[PDB]
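Here the structure is laid out as structure tokens; the discussion comes afterwards.
A short reminder: the numbers here are calculations on the coordinates, not readings from a lab. Virtual Cβ from ideal backbone geometry, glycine too; neighbours counted across all protein chains shown.
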């Protein structure tokens, strides 16, 4: 009888351009200089013009650097604590958790690469009709002449739910799908030519669309040093990590380390404007506090408030909290509410919407003991 | 510490400047008239037949 | 005018730092083994 702890699902590592460059050890500053070929311009004269000079064009090639800059590792300390005092099988209770931790760290690395790109504009998704937002996203990558091949679309856990709840996909007449894959199942697969990939690594209420040649990502396995007591190479979702175990004789226990060198790059144009990927955010209209009216345990108790907007997005760190009566209870900026006197208190949560404008306010009451 | 002398490798990986596709030239009437050399002012006159009313 | 992107080539042509030639070792009595002792035979008179 064994139940596992709930953990994310790995999608991102397979959906990005990985290792197009693999000789960072052969360049100064661990930087490969990718060159971008040159395009030129033509000029128009006038026939039979007395002025018979021409304007010479130019052939300027461009370049940008890709660098290894991070070192993702998971380190475990075993102050003795082995054999009987701890893990009996040193293959499923230590190696597997360590490899999974490094894999999740790599996925978070890619996720922060994708979310942190210099998106100049965010495309709002109206929950009532979500298709126009995605068609606009497709259009924005057509105005930049991005190829239509190998184009990926990753949606959050809330955008997928909004898509399934959209009457465009839920009603079979409006979609032509006389099976209602969006009603019998909660799954909508293809829209606006883009295959949806669901993911939880990215923000819940965001979607990202990117060409393959928009996020270069490079990996490098550290070579096992000759003077290591135990050395091996593991594989986490297509990445060769180095596992290295070495005793210490002074720290009263051996240590293990599972690591890999990583680097990432957003392929920006020669102008410096990022046009090879777009982001979309699910538009929100109102917020509420989960659980409604509630009560604490003692007068000096603590409760962790949780605010959800209309489309089930956990907007807690993105909203500010105020207390009507601080003499009875107070609210932290992170949602913690603690009472200072016995009685009622009114808590107001203000969340500025992604579209901009007056912040939506949700008021709840609490009865501190 | 150790000082290594290393090259500065340059690679091409298919990232190219984005360019429009060519559509328009095949959709416009091209070269109905060719003998522009044998005409004054390099201009060829096109004549539209007449119509009348009863 | 025209601008090209080129790498800094590094090549080895056989030029190397000049080093001494190992001659003295092998001309000196070497004894592989803490310490060792050598006994000189005795001589006498008559």
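Looking at segment A:41-61, which of the residues that are surrounded by 10 or more Cβ atoms within 10 Å (Cβ to Cβ) and under 30 Å from residue A:216 (Cα atoms) is farthest from the chain's Cα centre (by Cα)? Checked segment A:41-61; the qualifying residue farthest from the chain's Cα centre (by Cα) is A:58.
When segment A:308-324 is filtered for residues that are surrounded by 15 or more Cβ atoms within 10 Å (Cβ to Cβ) and farther than 30 Å from residue A:206 by Cα, only A:323 remains.
Taking into account only those residues within segment C:1-10 that are within 14 Å of chain B (Cβ to nearest Cβ) and in a loop (DSSP other than H, G, I, E, B), which is farthest from residue A:24 (Cα to Cα)? The selected residue is C:4.
Restricting attention to segment A:4-14, does a residue exist that is more than 14 Å from chain C (Cβ to nearest Cβ), closer than 25 Å to residue A:244 by Cβ and part of a helix (DSSP H, G or I)? There is at least one residue in segment A:4-14 that is more than 14 Å from chain C (Cβ to nearest Cβ), closer than 25 Å to residue A:244 by Cβ and part of a helix (DSSP H, G or I). Hey, any hits in segment A:215-229 for a residue that's within 14 Å of chain B (Cβ to nearest Cβ), part of a loop (DSSP other than H, G, I, E, B) and surrounded by fewer than 20 Cβ atoms within 10 Å (Cβ to Cβ)? Among the residues of segment A:215-229, not one is within 14 Å of chain B (Cβ to nearest Cβ), part of a loop (DSSP other than H, G, I, E, B) and surrounded by fewer than 20 Cβ atoms within 10 Å (Cβ to Cβ), which makes the answer no. For segment A:230-272, the candidate set comprises residues that are in contact with a helix residue (DSSP H, G or I) (Cβ under 7 Å, 6 or more places away or on another chain), over 24 Å from residue A:64 (Cα atoms) and in a strand (DSSP E or B); within that set, the residue that is nearest to the other protein chains (Cβ to nearest Cβ) is A:239.
Checked against the criterion of being over 30 Å from residue A:61 (Cα atoms), under 32 Å from the mean Cα position of the chain (by Cα) and within 14 Å of chain B (Cβ to nearest Cβ), the candidates C:36, C:13 yield just one match: C:13.
Tell me, please, whether a residue that is surrounded by 10 or more Cβ atoms within 10 Å (Cβ to Cβ) and within 14 Å of chain C (Cβ to nearest Cβ) can be found in segment B:17-29. Checking segment B:17-29: at least one residue is surrounded by 10 or more Cβ atoms within 10 Å (Cβ to Cβ) and within 14 Å of chain C (Cβ to nearest Cβ).
If the condition is being surrounded by 15 or more Cβ atoms within 10 Å (Cβ to Cβ) and within 14 Å of chain B (Cβ to nearest Cβ), then segment A:106-143 contributes A:140, A:141.
Taken over segment A:30-71, the criterion of being within 14 Å of chain C (Cβ to nearest Cβ) and either part of a loop (DSSP other than H, G, I, E, B) or more than 30 Å from residue A:262 (Cα to Cα) (or both) is satisfied by A:37, A:38, A:39, A:40, A:41, A:55, A:56, A:57, A:58, A:59, A:60, A:61.
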